[PDB]
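Okay, structure first, notes after.
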Amino acid sequence: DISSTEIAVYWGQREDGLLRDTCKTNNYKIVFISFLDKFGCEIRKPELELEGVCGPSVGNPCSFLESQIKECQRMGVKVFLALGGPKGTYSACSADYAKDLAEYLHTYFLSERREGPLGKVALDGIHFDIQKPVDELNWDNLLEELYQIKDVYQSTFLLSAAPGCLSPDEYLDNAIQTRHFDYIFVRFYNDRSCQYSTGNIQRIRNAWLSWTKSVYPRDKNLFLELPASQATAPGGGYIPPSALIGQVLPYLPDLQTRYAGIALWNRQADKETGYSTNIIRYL
């Protein structure tokens, strides 16, 4: 129901502050470290670079995040690595590369098997934020290879996706149809055909309905991804906290069986506006 709302947030920019401090707010249940945005056929070992935070150029290694990731996990926060995003050059390449990449993610990010870009860690999941890939092929293969690895090692990591609000999604439909993502974070912004607008929840309510009908299984596996300020969604979609709680959520079909919570585009915007703080106050 509404009271059990789980809040997720994207973190990865200088203005977001420290990961440790983000977790310590206790406002979030899931944090997406964002983004591994450069991979493809000839990139056997993808490197992680967070703008103004870590990587070759900020002269601070991303492996320094290891202890903060573990602190977050110890306090009950799930930390995911998000693939893709708004920028970069990313492609799943081919069926063979999909296996190579799935293995890479498992060995270096999901099992503490080897030292990777974020140190020796075992993240809670992998998030497919495939917004602007080179093309739509092989994302389903990547998901399937990670899913197979999960079975082989009887692992507990989660798999999630962030499609746009217009179904079927241009890039992730084939992957979503496998029914193998644990969570689907629908981006209800930057698309006038399926986002909220002042005094009109019909398009967003209808889009939510389209998603409940096309995503199986019928578990609590759907989240609404929303911008935390008007500035983070130039194409529209921002929903004031009071409107979300009082005018939108109560009117989403199958909220009681399908709704898991909300994801907020981005930590910086949330910090500036107090979005999650106000939502929490009203839950």
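Listed values, structure above:
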| quantity | calculated |
| --- | --- |
| Residue count, region 68-112 (criterion: closer than 11 Å to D124 by Cα and among the β-branched types (V, I, T)) | 3 |
| Single unsatisfied condition, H127 versus (1) touching a residue at least 60 places away in the same chain (Cβ under 8 Å); (2) in a helix (DSSP H, G or I); (3) within 18 Å of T156 (Cβ to Cβ) | (2) |
| Selection status of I176, aliphatic (A, V, I, L, M), crowded, with 21+ Cβ neighbours inside 10 Å and closer than 20 Å to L249 by Cβ | no |
| Subset of region 198-241 (residues that are within 20 Å of the chain's Cα centre (by Cα), in a loop (DSSP other than H, G, I, E, B) and aliphatic (A, V, I, L, M)) | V215, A228, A233, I239 |
| Residues that are more than 26 Å from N141 (Cα to Cα) and touching a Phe, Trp or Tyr at 6+ places or on another chain (Cβ under 8 Å), drawn from region 9-40 | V9, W11, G12, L19, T22 |
| Residue in region 131-188 that is farthest from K29 (Cα to Cα), counting only those that are of a type in the set (V, I, T) and within 17 Å of the chain's Cα centre (by Cα) | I176 |
| Residue that is farthest from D173 (Cα to Cα), among those in region 209-230 that are among the aromatic types (F, W, Y) and touching a strand residue (DSSP E or B) at 6+ places or on another chain (Cβ under 6 Å) | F223 |
| Complete set of residues in region 35-72 that are part of a helix (DSSP H, G or I) and aliphatic (A, V, I, L, M) | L65, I69 |
| All positions within region 43-60 that are under 28 Å from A98 (Cβ atoms) and without any contact (Cβ under 8 Å) to a residue 12 or more places away in the chain | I43, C54, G55, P56 |
| Residue within region 79-101 that is touching a helix residue (DSSP H, G or I) at 6+ places or on another chain (Cβ under 6 Å) and over 17 Å from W139 (Cβ atoms) present | yes |
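When we count neighbours, we look across all protein chains shown, and the Cβ atoms used for this are built from the backbone with ideal geometry, even at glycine. Readers should treat all values here as calculations from the given coordinates under stated rules, not as data from a laboratory.
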